[PDB]
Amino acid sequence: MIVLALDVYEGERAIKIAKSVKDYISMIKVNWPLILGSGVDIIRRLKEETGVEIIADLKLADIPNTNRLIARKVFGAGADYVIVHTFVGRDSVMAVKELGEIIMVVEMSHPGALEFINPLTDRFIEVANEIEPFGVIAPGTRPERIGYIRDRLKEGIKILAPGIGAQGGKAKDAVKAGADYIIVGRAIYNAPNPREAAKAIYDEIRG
């Protein structure tokens, strides 16, 4: 299953692309830049126009009440899932889960992640096991991490994996290693033919 990181900051174009690839994706993921540029209502427009589930990749990291206010507005606009950090505490995570389904951050992909976040991943996975969110993200860059997380994560909690390599076999291998969803961005939205690009990835996964 593919999660399209719809990082097309032109509202009308983003909606057109999402509608065109709907047949081959399971969810659309939106971020703060898109919400800032098009208004939070871009989420409702997308929900009404495509009927595809929406993940709001906000990586919420505020105090409980503020996380709650943000979640109320975003789930309110049509989001089905909100990505939240684990680092700020269980109360901040539960303030969001109270209003809708969540996906927790237990490990990150950038160089800075090695400073504080990744050394704590084992502990963050234990928190996710306690909370039982819909899922967690496993930087799919290098495979090993998908399996590493899967081996420590309670069954029932899904894994979404971004950063999959372009080599043939990489997407199917990520799923075989533990990824329930593959998060894809530019490979689809900036393709000459987004629908055919999504179909190609979908076909490898189901092949």
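Counting begins at 1, following the sequence as shown.
Participant: Between 107-115 and 88-96, which has the higher average C-alpha B-factor in the PDB entry?
Facilitator: Taking the mean B-factor of the alpha carbons in each, 107-115 is higher.
Participant: Mind pulling up the entry and telling me whether 173-181 or 54-62 has the higher mean Cα temperature factor?
Facilitator: Looking at the recorded C-alpha B-factors, 173-181 comes out higher on average.
Participant: Looking at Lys29, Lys158, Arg145, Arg68, which has the highest Cα B-factor in the entry?
Facilitator: Spelled out: the listed residue with the top C-alpha B-factor is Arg145.
Participant: Quick check for you: using the entry's CA B-factors within this chain, is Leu34 in the lowest, middle or highest third?
Facilitator: Middle third by C-alpha B-factor.
Participant: By the recorded C-alpha temperature factor, relative to the other modelled residues in its chain, which third is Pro162 in?
Facilitator: Lowest third.
Participant: Would you mind ranking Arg45 by its C-alpha B-factor against the rest of the chain and naming the third, lowest, middle or highest?
Facilitator: Within its chain, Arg45 is a highest-third residue by C-alpha B-factor, going by the deposited values.
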